[PDB]
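Next up is one chain by itself, shown in structure tokens, the form deposited in one PDB entry.
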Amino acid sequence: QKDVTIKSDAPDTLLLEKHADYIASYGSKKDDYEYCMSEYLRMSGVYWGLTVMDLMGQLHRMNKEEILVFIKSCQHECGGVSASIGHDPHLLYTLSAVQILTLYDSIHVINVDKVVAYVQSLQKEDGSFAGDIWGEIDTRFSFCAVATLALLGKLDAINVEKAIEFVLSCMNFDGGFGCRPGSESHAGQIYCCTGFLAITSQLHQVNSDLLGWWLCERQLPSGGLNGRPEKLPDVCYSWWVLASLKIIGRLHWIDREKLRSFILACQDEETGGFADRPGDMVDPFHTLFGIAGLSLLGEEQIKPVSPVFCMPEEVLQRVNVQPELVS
């Protein structure tokens, strides 16, 4: 019932040239010191920009050599990778880095053995993963761990049955998943957990009809999807929910045309980029998730995207990591 109202003049065509221009120029538009406040997620920022450019066939417009040097400088002695130079290592940025290196077929830029040791070190006795040495437990980090290792061909380095047990202990009455055991279902953690279960070949343990229902009920009359009951829809939740539905074989349970119209309405016709919601300020994060959502909805101008890894399928085919989905 809380929803956005899309205006009659909202963009209704895909503006791919503008989006590529936007991402290619991102981080050159303001003064250096201005950008600054998001240095703590820079590695993931880099991943978002590179991945959306590759989905659009424009990866070459980014700076490969500069990025590879950057990634190398962000790997710490423990094997983990930080968001930026001088920041601390974390599974989130370790994943982002390995995703980037996979895009560029440059995995040996970093010490792979030490990445594997880092990830292995963060698993707890109950099978869960901490994000770093400070011990925050979240199913987001279970996904980061197995996705990183799958991309490196080293899933066997962790205790997989215990990891699965932990994730399944986070399954709820409504078929979804939260942060930790007892946590409420949330689209972000559903995405991480269904991705995790795809990677570990455990999708048969999901109640796809029940979870599918919870997920398709995220669609609002505007066409956009929210991340849980009583939230406003946005492009981020829309990707998480749509990708989860794809993983469990129920993408047809939402109105694809209405979602497509919502996502297109989030484009900025003047600057390019997508925002979280129609009319708001664009950013690379929502640009990736908008383009990725449109691809899963069947947009021919965009490369097919993995709902598990949010990377081009053609990249994952190259490294032979393509988890079976429900259908």
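Residues that one form lacks are left out of the comparison. All residue numbers refer to positions in the sequence shown, first residue = 1. Take the two forms, find the largest set of C-alpha atoms that superpose within 1.5 Å, and that set is the rigid core.
Separately, the form deposited in another entry exists; it is not shown, and the next lines address it.
Asker: Listing 269, 300, 65, 34 as candidates, which single one shows a C-alpha movement of 2 Å or greater between this form and the one not shown when the core is held fixed?
Answerer: The one that moves 2 Å or more is 34.
Asker: Given a superposition on the rigid core, I'd like a yes or no on whether residue 321 shifts its C-alpha by 2 Å or more between this form and the one not shown.
Answerer: Superposed on the core, residue 321 moves its C-alpha less than 2 Å between this form and the one not shown.
Asker: Look at residue 9 and decide if its Cα position differs by 2 Å or more between this form and the one not shown after superposing on the rigid core.
Answerer: True for residue 9: a C-alpha shift of 2 Å or more.
Asker: Did residue 33 and residue 281 drift closer or farther in the other entry, going by a CA distance change of 3 angstroms or more?
Answerer: Closer together, which means the C-alphas of residue 33 and residue 281 are at least 3 Å nearer in the other entry.
Asker: Residues present in both forms only, core superposed, 2 Å C-alpha shift required: which runs of three or more differ between this form and the one not shown?
Answerer: Moving stretches, in sequence order: 1-9, 30-34.
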